[PDB]
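**Student:**
Residue numbers (PDB author numbering), protein chains in the order written: chain A, 79 to 171, 210 to 395, 397 to 409; chain B, 349 to 398; chain C, 253 to 302; chain D, 102 to 120, 122 to 201.
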């Protein structure tokens, strides 16, 4: 309840124009943890990290993205470029050697093909096909890459989901706003097929005279369908799985950000203590900001 | 007549008001007000008459 | 302007311009870094004061 | 002459401290303007509900209740850009015909 005394201090301030004491008063609410807060916050960060690892796990093309660039330098007779640092670098619970990079890749090529034919058997949701996909993820899980190339891997999902979200919005941009498409049935009909025109002409089967004269705008409402199905074909992943991918990656990254936040303010007193020995070359607050 | 205008009743409130007086905005604590008031006129380092 | 003795001297306006630019670029760096709002408020106060 | 591109909009000091020219236009207390400037007190840009009201002073604790009650329905934020948005939203012809 450290903010309750703020309701009595701020409401009765002398309207002080010194920013430094406003800064201290604002960060004085937090407390100093020890021996449990650090460990708990680190655990809450690492679970978010491995949640992100699971987020890159379900993408079929990310595993191929790990390898095609190394195939560019594998045939070069030497990989002196810095991209060799962004190799798998497996975790053990150093210069990259062929006895490690290629040995780790020996099973990667096998998993690249053993998970293809099994998926076609007994549909995509087949038990052993899905566990083989999970194993192909697991051989990806035993890696420890660098954040440089990794920083684009997360955006490889982020831009894709942004594209699908914009395509979904485009339907409302084109017809729902002007033609007053009631979302009560649209949400149910979109999740039914989302591959063909079963619900689109089911909406013609119903009375819906607003949608009856859709022939004037037929060739601009189904181009969104064309693009969505094109995304489905090129990505090779169904819309059912990508939403689950984005649903649980967002919560993981938000949890990691929240865990970092809950800790950073707890250690501002170290910064404010260490900064003041270094003043006066620049200022009294710019030092604090840079220390932050 | 001055006691009729004084809004403090004891040492703690007086020191809180004095801390708010010298250092407005900063929330007062139990020991900071005492230290500040002692340093105002009872610290050899920060006060002298010759 | 350089002086004769290999020295320099400049108007204080140059110092203020440097001061505002130094924290303006820092504020730019505090957005992509996803700074906590508590410190972004402090940076914005720094910029306003500058 | 050159220009400096700022990330967060900032308030001019002449039309703020001198007398007010930013307070008279907004019909707001000068002290509350400073409180909002220092990122201490929120302002209601738009109240979708009848509980809130345009140009209301808000403390952080009192603002948490608004967050847990309504959220997206109202528009209340922090900083000088809130004042800029208030200036953008207000209309002076209506004040001319009303006052």
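Yeah, the Cβ is synthetic: ideal placement off N, Cα and C, and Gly gets one too.
Once you ignore the five residues that flank residue 84/A on each side, which residues in its own chain have a CB closer than 8 Å to its CB?
**Tutor:** Contacts found: 103, 107.
**Student:** I'd like to confirm the pairing. Which residues does DSSP put opposite residue 177/D in its beta bridges?
**Tutor:** The partner list for residue 177/D (beta bridge, DSSP) reads 148/D.
**Student:** Which whole-angstrom value is the C-beta distance of residue 126/A and residue 261/A, which I expect to be below 8 Å?
**Tutor:** Contact doesn't hold; Cβ gap of about 17 Å is too wide.
**Student:** Got a sec: which bits of the stretch 141–175 of chain D sit with their beta carbon under 8 Å from any beta carbon on chain A, in order along the chain?
**Tutor:** The residues in question are 142, 161, 162, 163.
**Student:** Taking Cβ positions only, does residue 129/A come closer than 9 Å to chain C?
**Tutor:** Not closer than 9 Å to any Cβ of chain C, the Cβ of residue 129/A fails to qualify, so no.
**Student:** Residues in the same chain with beta-carbon distance under 6 Å from residue 352/A, minus the five sequence neighbours each way, listed in chain order, please.
**Tutor:** So the qualifying residues of the chain are 138.
**Student:** Hey, would you say residue 176/D sits closer than 9 Å to residue 146/D, going by beta carbons?
**Tutor:** Yes; because the gap between Cβ atoms is below 9 Å, this pair is in contact.
**Student:** Under 9 Å between the Cβ atoms of residue 178/D and residue 144/D?
**Tutor:** Closer than 9 Å, so yes.
**Student:** In the stretch 356–375 of chain B, which residues sit with their C-beta less than 8 Å from some C-beta in chain A, listed in chain order?
**Tutor:** Residues passing the 8 Å Cβ filter: 368, 371, 372, 373, 374, 375.
**Student:** Just to confirm, are residue 310/A and residue 344/A a CB contact at a threshold of 9 Å?
**Tutor:** Yes; because the gap between Cβ atoms is below 9 Å, this pair is in contact.
**Student:** Are any of the Cβ atoms in chain C nearer than 9 Å to that of residue 182/D?
**Tutor:** Yes, contact with chain C.
**Student:** Alpha carbon to alpha carbon, how far is residue 308/A from residue 157/A?
**Tutor:** Going by the C-alpha atoms only, they are around 49 Å apart.
**Student:** Skipping 5 residues on each side, what residues in its chain have a beta carbon closer than 6 Å to that of residue 361/A?
**Tutor:** Hits under 6 Å: 136.
**Student:** So with Cβ pairs under 9 Å, would you call residue 197/D a contact of chain A?
**Tutor:** With 9 Å as the cut-off, residue 197/D does not count as an interface residue toward chain A.
**Student:** Contact criterion: CB-CB distance below 9 Å. Does residue 133/D meet it with respect to chain A?
**Tutor:** Taking Cβ atoms only, chain A reaches closer than 9 Å to residue 133/D, which makes this a yes.
**Student:** Could you give the distance in angstroms between the alpha-carbon of residue 378/B and the alpha-carbon of residue 360/B?
**Tutor:** Whole-angstrom Cα-Cα distance: 8 Å.
**Student:** Does residue 409/A pass the burial test, meaning 16 or more other C-beta atoms within 10 Å, or should it be called exposed?
**Tutor:** That one is buried.
**Student:** Closer than 8 Å, Cβ to Cβ, to anything on chain C: give me those residues from the stretch 86–117 of chain A, in chain order.
**Tutor:** Correct list: 97, 100, 101, 104, 105.
**Student:** So, does the stretch 107–117 of chain D touch the stretch 266–279 of chain C, judging by three or more C-beta pairs under 8 Å?
**Tutor:** Yes, they touch.
**Student:** Please compile the residues from chain D whose C-beta is within a distance smaller than 9 Å of the C-beta of residue 273/C.
**Tutor:** Within chain D, the residues near residue 273/C are 105.
**Student:** Going by DSSP, what residue range makes up the alpha helix (DSSP H) through residue 198/D?
**Tutor:** From DSSP, the alpha helix (DSSP H) with residue 198/D extends over 194–200.
**Student:** Could you check whether the Cβ of residue 276/C sits closer than 9 Å to any Cβ belonging to chain G?
**Tutor:** Of the chains in the structure shown, none is chain G; the protein chains are A, B, C and D.
**Student:** Mapping DSSP to helix, strand and coil, what is residue 138/A?
**Tutor:** Residue state, collapsed to three classes: helix.
**Student:** According to the Cβ coordinates, are residue 259/A and residue 145/A closer than 9 Å?
**Tutor:** No. Outside cutoff.
**Student:** Which residues of the stretch 280–301 of chain C have a Cβ closer than 7 Å to any Cβ of chain A? Give them in chain order.
**Tutor:** Per Cβ criterion, the list reads 286, 288, 290, 291, 294, 295, 297, 298, 301.
**Student:** State yes or no: is the beta carbon of residue 109/D nearer than 9 Å to at least one beta carbon in chain C?
**Tutor:** So, interface residue.
**Student:** Helix, strand or coil for residue 160/D per DSSP?
**Tutor:** DSSP places residue 160/D in strand when its eight states are reduced to three.
**Student:** Is the shortest distance between the beta-carbon of residue 137/D and the beta-carbons of chain A less than 9 Å?
**Tutor:** Output row for residue 137/D: interface = yes.
**Student:** So which residues of chain C does residue 373/A contact, with C-beta pairs closer than 7 Å?
**Tutor:** Simply 286.
**Student:** Can you round the beta-carbon distance between residue 296/C and residue 279/C to whole angstroms, since I take them to be within the 8 Å contact cut?
**Tutor:** Yes, they are in contact, since the Cβ atoms of residue 296/C and residue 279/C sit about 7 Å apart, within 8 Å.
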